[PDB]
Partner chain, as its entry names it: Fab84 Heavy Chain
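Below you will find one chain, with nothing else, as structure tokens; this is the form solved without the partner chain, and questions on how it binds or moves follow later.
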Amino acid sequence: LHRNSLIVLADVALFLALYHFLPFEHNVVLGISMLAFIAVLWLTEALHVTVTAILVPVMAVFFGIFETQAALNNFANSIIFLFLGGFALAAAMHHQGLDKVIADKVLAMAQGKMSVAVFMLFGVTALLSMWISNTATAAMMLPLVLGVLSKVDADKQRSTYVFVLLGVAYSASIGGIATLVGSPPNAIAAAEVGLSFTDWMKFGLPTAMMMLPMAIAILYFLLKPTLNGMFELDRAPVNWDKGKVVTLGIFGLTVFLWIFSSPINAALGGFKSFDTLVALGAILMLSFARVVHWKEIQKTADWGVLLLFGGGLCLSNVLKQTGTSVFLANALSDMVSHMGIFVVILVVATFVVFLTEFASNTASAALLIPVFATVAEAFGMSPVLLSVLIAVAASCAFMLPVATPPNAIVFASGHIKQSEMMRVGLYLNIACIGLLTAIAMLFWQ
């Protein structure tokens, strides 16, 4: 009937074939077949990643791996509520116009010169993507880009549009790498291997600061924009007012608590998920101040991402319970011994960066982090390096518009060519592979 339905049926056939024709233990066979089924579903997007995540507990229970409540309890992890609080913050900013105010103030700090407005556009895009999202950030920044570029004759200077546009999209995708919020893959890794907000920040903030300038330089030295004119924005200067200040103060307090959780928590009793508690407190403070309402929060939040978090966690639990992780570790011990950690991370980064171009970053991270984590635990090899590397690589999607929402959004303008986008993404992917490998070897080891 449809390609998606045929893919689902073929995946079912593959599951049955592995179930009946695998000479391993029953539990290992079940886990491997389930892993292949979920992998095909997520990568091919035959069903929505959230629907597949909902399926994971169902076929875990029906095959006698977990009880229903135990399987469903993976959907209430503290990380999910942390990222819900992140959604609440972003909804408040959008409702109050804080993001627009910040962008306008930065572009005002640019007097009239487009030579610097584009670069500060990239910087503010990354800053917003730390907190709000990768998609909404690019969506709201695009009109600003077009307004700045309204006087540059977009028939003969299309290279400048490609610059200011792909830079914004990549800046959003990279700013999502700096914070636990901003990119769902970071949440998946943190949930898998117990990473706090500041623990992830110490990992992803230098990476983002070192990759964004590299991406901009690659763009500039691949395609040559002029960047010598001036821009006179027609939009009026939006000023500060009550509610924006309160939202900014709540945001700053929440960030301060997230950063200094460890001393604060040590001074309050030692709560287990203080970051999640702070996120919920942020929700409560915003509601009390009446700067955002639950209807806006609900509309802004992507609950499918949270359900996908739960599904990935359930898959990791299934792999750990069935012995599939340790079985794969025993199988791969010889290979990993022959070829060392440097090349292990090299190939992992290459695979993830070149896979997220075709597959969703969140689904790819949810699929791979459990595997390389539970397997790594069987090697010892604390599964923080691989999980964080996989999340960052998944966030690093640059070659195709379908790869990432902001890429598609910026491609919708019509001023960008498939060939140019693919080649720029190729060079950036190679550079990101090198940078991530070096970072993991040096700073993390």
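Positions refer to the first chain, counted from 1. Rigid core here is just the name for the largest C-alpha set that superposes within 1.5 Å across the two forms. Residues that one form lacks are left out of the comparison.
From this point on, the text means the form deposited with the partner chain bound, which you will not see here.
Partner contact region in the entry with it bound: 317 to 325, out of 196 to 204, 317 to 325, 120 to 128, 170 to 178, criterion any non-hydrogen atom within 4.5 Å of the partner chain. Taken together, the three residues 135, 162 and 413 lack any non-hydrogen atom within 4.5 angstroms of the partner chain in the entry with it bound. When the partner chain is considered in the entry with it bound, only one residue from 363, 93, 313, 141 comes within 4.5 Å through any heavy atom, namely 313.
Though the partner chain is absent from this view, in the entry with it bound it lies within 4.5 Å of a heavy atom of just one residue from 368, 166, 191, 353, which is 191. With a 4.5 Å cutoff on heavy atoms, residue 28 counts as touching the partner chain in the entry with it bound. Interface membership of residue 377, defined by any non-hydrogen atom within 4.5 Å of the partner chain in the entry with it bound, is confirmed.
Taking the partner from the other structure, the partner chain in the entry with it bound has no heavy atom within 4.5 Å of any heavy atom of residue 157. Shown alone here, residue 330 lies within 4.5 Å of the partner chain in the entry with it bound, counting heavy atoms only.
In sequence order, 443 to 445 is the sole run of at least 3 residues present in both forms whose Cα atoms shift by 2 Å or more between the shown form and the other one once the core is superposed.
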